[PDB]
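*Asks:* This is the structure I want to talk about, given as structure tokens.
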Amino acid sequence: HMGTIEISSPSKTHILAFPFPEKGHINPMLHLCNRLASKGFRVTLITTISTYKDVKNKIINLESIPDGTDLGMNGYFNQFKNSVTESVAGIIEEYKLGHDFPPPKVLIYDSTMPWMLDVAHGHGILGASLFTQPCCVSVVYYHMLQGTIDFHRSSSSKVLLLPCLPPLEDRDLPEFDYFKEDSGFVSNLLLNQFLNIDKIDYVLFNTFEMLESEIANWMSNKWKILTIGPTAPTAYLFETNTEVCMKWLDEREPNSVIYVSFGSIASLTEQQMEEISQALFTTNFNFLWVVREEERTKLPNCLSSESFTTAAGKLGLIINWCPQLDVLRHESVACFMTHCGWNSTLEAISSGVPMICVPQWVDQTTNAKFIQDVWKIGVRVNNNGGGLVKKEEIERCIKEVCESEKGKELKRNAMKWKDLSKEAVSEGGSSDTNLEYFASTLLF
Ligand SMILES: O=c1ccn([C@@H]2O[C@H](COP(=O)(O)OP(=O)(O)O[C@H]3O[C@H](CO)[C@@H](O)[C@H](O)[C@H]3O)[C@@H](O)[C@H]2O)c(=O)[nH]1
């Protein structure tokens, strides 16, 4: 007969998001923010000023913070941690005292920044840790943290058996020694994702349960992890060179283009670029090869963008960046020569594109193991077993993926996993359900 009703809805719930300022961490966070804004949430993405321009063009409320850094990996990272700890706390407190927006309910922060949980909890809001790597390699990091099995790795070969994982050869383990005297720092960075795993309010993984069933269930029983991937949309984020790349691809034959990208960070030696060049300029396919501006000088002196007719009569384009998700979904693309970063790997899965795996370090070695031997949607190159990958090896892997009956089955496998990733994020799918569990319980 008389009183007041209070309605908690997405439209009056405010979600803060803070990615690590690198594209493989920014991009999956942005995709997740877009899905959350689509459910009606007020979403504020926080990012460093030197990434603010990039994020501004791709896209949601946007907020910049100082880069926090002036310097090797450690000094860079400790300054970073100290600076963003204060600036994000300031943003949280300002949005508490505001009146236009709702006060923040939760901070979604990158899993490699676990101290951000103390920032969120210290300011009275929930924390959600977004893991940007698959379940299988993340569990390895946990076991390395637990200091149980010896992971130290030339007088023998070792094979490691961990619960709910296929046996892992030494080459299958996440690769840190590439970083030499910084291997400890990079190692610590990935291991420490688990330092406070039991105190995190939501543990988010950009993967889908059918892809990693055994290990996801294992993790789900230990922690209440929510697999919510792929966060990228199925068949928004507007990448640079979009019109140029789509026009070039629209003029190619179906299933005729090898797409080549080594991600946003990896840098191959100039001898390694030469092997890749000679392979691509003599194969029976067109090619689209992303060579970042800062990497152009490692190209063979033989050669913003550049067009080629190849020695096989085909066409090549070398470009400094591309809308990778749109490239992968283009009918012209036959396969994806990739460094096996997790976003690249999962984007290719969601697109049905088989892979040639040229992994460089951290999780890319483990991902390539799963791409070839578990999901069976690619072939991994063979290095002296850090070793150079020769043009004849790359050529062997192209002919296998694109010119053999085995390649036809890898393509069938990849269309099967493509359908499964689409079902995961559709209504009733495992990832849609876990993302809704996140959204719905935020309202409680
Ligand atoms: O021309 C290009 C090339 C790449 N991308 C995008 O850039 C991201 C690349 O990310 P990823 O494939 O994960 O590679 P990295 O840039 O190397 O990302 C780092 O962080 C990832 C997430 O933790 C790890 O999986 C990687 O191994 C690590 O190097 C993806 O969203 C791609 O779609 C583009 O949009 N255009």
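Chain labels follow the order of the structure tokens: the first chain is A, the next B, and so on; residue numbering restarts at 1 in every chain, and ligands are counted from 1 in their shown order.
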Do you know which residues are within 6 Å of ligand 1 using only C-alpha atoms and all ligand atoms? Can you write them as a VMD selection string?
*Replies:* chain A and resid 23 to 25 27 132 to 133 261 263 to 265 290 321 to 325 341 to 344 363 to 364
*Asks:* Using DSSP on the backbone, list every residue of region 319-389 of chain A that comes out as strand (DSSP E), and give them as number ranges by chain.
*Replies:* A: 319, 333-338, 355-357, 378-380
*Asks:* Show me a table, sorted first by chain and then by increasing residue number, of the residues of region 120-165 of chain A having an atom at most 12 Å from region 173-177 of chain A, each with its shortest atom pair and the distance in Å to one decimal, counting only C-alpha atoms and written as a tab-separated table.
*Replies:*
residue	atom	partner	partner_atom	distance
A:133	CA	A:174	CA	11.4
A:134	CA	A:174	CA	11.9
A:136	CA	A:174	CA	10.6
A:137	CA	A:174	CA	7.2
A:138	CA	A:174	CA	9.6
A:139	CA	A:174	CA	11.1
A:140	CA	A:173	CA	8.0
A:141	CA	A:174	CA	8.4
A:143	CA	A:173	CA	11.9
A:144	CA	A:174	CA	10.5
A:151	CA	A:173	CA	8.9
A:152	CA	A:177	CA	10.5
A:153	CA	A:177	CA	9.6
A:158	CA	A:173	CA	10.7
A:159	CA	A:173	CA	9.7
A:160	CA	A:173	CA	8.9
A:161	CA	A:173	CA	11.4
A:162	CA	A:173	CA	11.7
A:165	CA	A:173	CA	11.8
*Asks:* Need to verify the contact set: residue 226 (chain A), 7 Å, only C-alpha atoms, exclusion of same-chain residues closer than 2 positions in sequence. Can you return it as a PyMOL selection string?
*Replies:* chain A and resi 203-205+224+228+434
*Asks:* Please indicate the distance in Å from CA of residue 411 (chain A) to CA of residue 425 (chain A), rounded to one decimal place.
*Replies:*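 Between CA of residue 411 (chain A) and CA of residue 425 (chain A) the gap works out to 21.6 Å.
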*Asks:* Do a neighbour search on region 57-61 of chain A at 9 Å with only C-alpha atoms, toss out local chain neighbours closer than 4 positions, and write the hits as a ChimeraX atom specification.
*Replies:* /A:30,33-34,37,42-46,52-53,236-240
*Asks:* Given the selection you just returned, output its residues as a file containing N, CA and C atoms, formatted as a compact mmCIF listing (two decimals), in the first residue's frame.
*Replies:*
# COMPACT_ATOMS: atom_id res chain seq x y z
N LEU A 30 38.83 -4.33 -24.43
CA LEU A 30 37.89 -3.47 -25.15
C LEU A 30 36.70 -4.27 -25.66
N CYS A 33 34.49 -4.82 -22.84
CA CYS A 33 33.76 -3.59 -22.50
C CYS A 33 32.59 -3.37 -23.46
N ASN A 34 32.79 -3.64 -24.76
CA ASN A 34 31.72 -3.49 -25.73
C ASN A 34 30.55 -4.42 -25.45
N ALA A 37 28.83 -2.96 -22.39
CA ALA A 37 28.01 -1.80 -22.72
C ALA A 37 26.75 -2.22 -23.46
N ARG A 42 27.05 1.04 -17.69
CA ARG A 42 27.95 2.18 -17.86
C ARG A 42 29.37 1.68 -17.67
N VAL A 43 30.20 1.82 -18.70
CA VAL A 43 31.54 1.25 -18.72
C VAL A 43 32.53 2.38 -18.94
N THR A 44 33.48 2.52 -18.02
CA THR A 44 34.55 3.49 -18.17
C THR A 44 35.87 2.73 -18.32
N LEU A 45 36.50 2.87 -19.48
CA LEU A 45 37.81 2.30 -19.72
C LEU A 45 38.91 3.30 -19.38
N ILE A 46 39.85 2.87 -18.54
CA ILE A 46 40.98 3.68 -18.10
C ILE A 46 42.21 3.21 -18.85
N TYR A 52 46.06 6.12 -25.12
CA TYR A 52 44.74 6.74 -25.19
C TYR A 52 44.35 7.06 -26.63
N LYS A 53 45.31 7.53 -27.44
CA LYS A 53 45.00 7.85 -28.83
C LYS A 53 44.57 6.60 -29.59
N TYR A 236 32.18 -1.24 -31.38
CA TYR A 236 33.08 -2.04 -32.22
C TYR A 236 34.52 -1.48 -32.23
N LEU A 237 35.46 -2.20 -32.86
CA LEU A 237 36.88 -1.85 -32.86
C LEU A 237 37.37 -1.68 -34.30
N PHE A 238 37.66 -0.43 -34.67
CA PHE A 238 38.08 -0.08 -36.03
C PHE A 238 39.60 0.09 -36.07
N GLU A 239 40.28 -0.84 -36.73
CA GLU A 239 41.74 -0.82 -36.79
C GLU A 239 42.22 0.07 -37.94
N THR A 240 43.50 0.42 -37.88
CA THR A 240 44.06 1.25 -38.93
C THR A 240 44.31 0.42 -40.20
*Asks:* Set the distance at 12 Å and use only C-alpha atoms: which residues neighbour residue 41 (chain A) once local chain neighbours fewer than 2 positions away are removed? I'd like the list as a PyMOL selection string.
*Replies:* chain A and resi 8-16+32-39+43-44+60-61+101-102+104-106+438-440+442-443
*Asks:* Please return, as a PyMOL selection string, all residues of region 174-341 of chain A that DSSP assigns to alpha helix (DSSP H) on the basis of the backbone.
*Replies:* chain A and resi 183-191+213-222+242-250+270-280+324-328
